[PDB]
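If you read the sequence shown in the entry's author numbering, its first letter stands for residue 1, the second for the next number, and so on.
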Amino acid sequence: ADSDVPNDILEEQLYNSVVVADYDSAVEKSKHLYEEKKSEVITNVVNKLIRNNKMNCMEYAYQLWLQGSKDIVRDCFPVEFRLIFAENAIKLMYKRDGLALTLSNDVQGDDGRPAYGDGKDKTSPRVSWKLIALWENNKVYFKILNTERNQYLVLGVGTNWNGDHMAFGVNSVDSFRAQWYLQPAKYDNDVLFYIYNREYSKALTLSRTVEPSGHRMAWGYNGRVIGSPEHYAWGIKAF
Numbered sequence: 001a002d003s004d005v006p007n008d009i010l011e012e013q014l015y016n017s018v019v020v021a022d023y024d025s026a027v028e029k030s031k032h033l034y035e036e037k038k039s040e041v042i043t044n045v046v047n048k049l050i051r052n053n054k055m056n057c058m059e060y061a062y063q064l065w066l067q068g069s070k071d072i073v074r075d076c077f078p079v080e081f082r083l084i085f086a087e088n089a090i091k092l093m094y095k096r097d098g099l100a101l102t103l104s105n106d107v108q109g110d111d112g113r114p115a116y117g118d119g120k121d122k123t124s125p126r127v128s129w130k131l132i133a134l135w136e137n138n139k140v141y142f143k144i145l146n147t148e149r150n151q152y153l154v155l156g157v158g159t160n161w162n163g164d165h166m167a168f169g170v171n172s173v174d175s176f177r178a179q180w181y182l183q184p185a186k187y188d189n190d191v192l193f194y195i196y197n198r199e200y201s202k203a204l205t206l207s208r209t210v211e212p213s214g215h216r217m218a219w220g221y222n223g224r225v226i227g228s229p230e231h232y233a234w235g236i237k238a239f
């Protein structure tokens with residue numbers, strides 16, 4: 001009888017449940033709350049996780065999605081979380097510039113197609129991406145597939161003077177350089193995500209330098225990103 005527990009208390013223990021990464025328990029309490037009509041408990045927990053930039057939010061959503069609770073992700077989480085986990089075509093839009101992430105037309109080096117924010121285009125099939133979930137080591141990571149080119153996003157192994165790594169599309173996952181993790185954030189009314197490389201733990205960002213073409217190169221950033229989602233974070237929209 002969850003009716004007999006204050007709502008504030010129900011929020012807290014689900015939230016604690018997620019933050020300590022106890023996912024069977026969070027999924028179990030969630031299935032029960034939803035059942036008894038208490039969905040706002042869940043929605044409040046989700047908003048708290050997003051505001052506090054809680055990485056465990058992603059594991060939470062993904063577990064809900066795998067464990068027969070697609071209904072919960074759909075109802076208590078912003079539409080982004082359904083696009084991620086249903087693996088729908090998305091666009092990745094960099095909050096600071098409003099630029100859409102894409103791969104270059106021309107294959108440069110073994111490196112594959114340099115990635116960058118497109119100075120103009122937010123509509124062509126070049127800008128469509130898929131995020132493909134995997135569970136390992138009690139965490140959730142994603143491969144980021146560019147759908148037109150069928151190439152995966154990665155951080156090159158070399159650095160520039162500042163320790164930043166270029167981002168490219170390549171044909172092959174051999175390594176953690178092709179896998180990423182997400183941290184949710186709230187800006188204005190947006191749900192935004194910091195997007196981190198699994199090998200280097202650096203955030204995917206767009207350079208401040210505009211190319212002669214109007215494009216800005218995509219890098220893994222050597223420096224602090226958190227606390228600045230309008231500079232470092234990505235919004236996710238349906239393609």
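Beta carbons are placed, not taken as given, at the ideal position from N, Cα and C, and that holds for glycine.
Tell me whether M55 sits in a helix, a strand or coil according to DSSP, three-state version.
For this step, residue 55 is matched to residue 55 along the sequence shown. The three-state secondary structure of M55, taken from DSSP, is coil.
Bridge partners - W135, DSSP secondary structure assignment
For the purposes of this step, residue 135 is taken as residue 135 along the sequence shown, with counting starting at 1. Within the DSSP secondary-structure output, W135 pairs in a beta bridge with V140.
Contact between the stretch 95-102 and the stretch 117-132 is defined here as three or more beta-carbon pairs at a separation below 8 Å; is this criterion met?
Because the criterion of three Cβ pairs below 8 Å is met, the stretch 95-102 and the stretch 117-132 touch.
Take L33 and list the residues in its own chain whose beta-carbon comes closer than 8 Å to its own, dropping the five residues that flank it on each side.
The residue labelled residue 33 in the question sits at position 33 within the sequence shown. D2, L10, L14, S39, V41, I42.
Quick one: give me the first and last residue of the alpha helix (DSSP H) that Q13 is part of.
One-based indexing of the sequence shown puts residue 13 at position 13. Counting along the chain, the unbroken alpha helix (DSSP H) around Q13 starts and ends at 7-19.
Give every residue of the same chain whose Cβ lies closer than 7 Å to the Cβ of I144, excluding the five residues on either side of it in the sequence, and list them in chain order.
The count along the sequence shown starts at 1 and reaches residue 144 at position 144. Here the set comprises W129, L131, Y152, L153, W180.
Taking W234 and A167 to be in contact with their CB atoms under 8 Å, please state how far apart those CB atoms are, rounded to whole angstroms.
Your numbering for residue 234 matches position 234 in the sequence shown. Your numbering for residue 167 matches position 167 in the sequence shown. About 12 Å; that fails the 8 Å criterion.
Would DSSP call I226 helix, strand or coil?
For the purposes of this step, residue 226 is taken as residue 226 along the sequence shown, with counting starting at 1. Three-state DSSP puts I226 in coil, outside helix and strand.
In chain order, what are the residue ranges of uninterrupted alpha helix (DSSP H) at least 4 long that sit wholly in the stretch 67-147?
DSSP runs (the alpha helix (DSSP H)) wholly in the stretch 67-147: 70-76, 79-86.
Could you check whether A238 and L83 sit closer than 8 Å to each other, using their CB atoms as the reference points?
Your numbering for residue 83 matches position 83 in the sequence shown. Your numbering for residue 238 matches position 238 in the sequence shown. Yes.
Assess contact between the stretch 12-30 and the stretch 51-68, defined as three or more Cβ pairs (one per stretch) separated by less than 8 Å. Is contact present?
A contact exists between the stretch 12-30 and the stretch 51-68.
Rounded separation between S30 and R74 - CA only
Residue numbering aside, residue 30 sits at position 30 when the sequence shown is read from its first letter. Residue numbering aside, residue 74 sits at position 74 when the sequence shown is read from its first letter. Cα-Cα distance, rounded: 13 Å.
So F176 and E199 are in contact, right, with Cβ under 8 Å, and what is the actual spacing, rounded?
Counting from 1 along the sequence shown, the entry for residue 176 is found at position 176. Counting from 1 along the sequence shown, the entry for residue 199 is found at position 199. Rounded to the nearest angstrom, the Cβ distance from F176 to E199 is 4 Å, consistent with a contact under 8 Å.
Please name the residue, chosen from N7, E35, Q67, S25, that lies closest to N44 on a Cα-to-Cα basis.
Reading the sequence shown from its first residue, position 44 is the one you call residue 44. Minimum Cα distance to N44 is reached at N7.
Can you name the residues that DSSP bridges to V170?
Residue mapping note: residue 170 aligns to position 170 of the sequence shown, counting from 1. Answer is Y152.
Can you tell me the Cβ-Cβ gap for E80 and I236, rounded? I've got them flagged as a contact below 8 Å.
The residue you call residue 80 lines up with position 80 of the sequence shown. The residue you call residue 236 lines up with position 236 of the sequence shown. Contact check for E80 and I236: beta-carbon distance about 5 Å, within the 8 Å limit, so the pair qualifies.
Burial state of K37, where buried means 16 or more other Cβ atoms lie within 10 Å:
Sequence index remark: in the sequence shown, residue 37 carries index 37 (1-based). By the neighbour-count rule (16 or more Cβ atoms within 10 Å), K37 is not buried but exposed.
So who's on the other strand from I236, going by DSSP bridges?
Position 236 of the sequence shown, counting from 1, holds the residue named residue 236. Partner residues in the beta bridge of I236, as assigned by DSSP, are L92.
Answer with buried or exposed for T205, where buried requires no fewer than 16 other C-beta atoms within 10 angstroms of its C-beta.
Walking along the sequence shown from the start, residue 205 turns up at place 205. By the 10 Å Cβ count, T205 comes out buried.
Close beta carbons around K139, own chain, < 8 Å, minus the five adjacent residues each side:
Residue numbering aside, residue 139 sits at position 139 when the sequence shown is read from its first letter. Answer for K139: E59, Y181, listed in chain order.
Simplified DSSP state of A26, which is helix, strand or coil
Here residue 26 corresponds to residue number 26 of the sequence shown, with the count starting at 1. In this structure, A26 counts as helix in the three-state DSSP scheme.
Please classify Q108 as buried or exposed, where buried requires at least 16 neighbouring CB atoms within 10 angstroms.
One-based indexing of the sequence shown puts residue 108 at position 108. Here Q108 is exposed: its Cβ has fewer than 16 other Cβ atoms, across all protein chains shown, within 10 Å.
Span separating the alpha-carbon of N222 from that of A133:
As a working note, residue 222 is residue 222 in the sequence shown. As a working note, residue 133 is residue 133 in the sequence shown. Going from the Cα of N222 to the Cα of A133 covers about 25 Å.
Pair within 8 Å by beta-carbon distance, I50 and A185
Numbered from 1 along the sequence shown, position 50 holds the residue referred to as residue 50. Numbered from 1 along the sequence shown, position 185 holds the residue referred to as residue 185. In this structure, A185 lies closer than 8 Å to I50 by Cβ.
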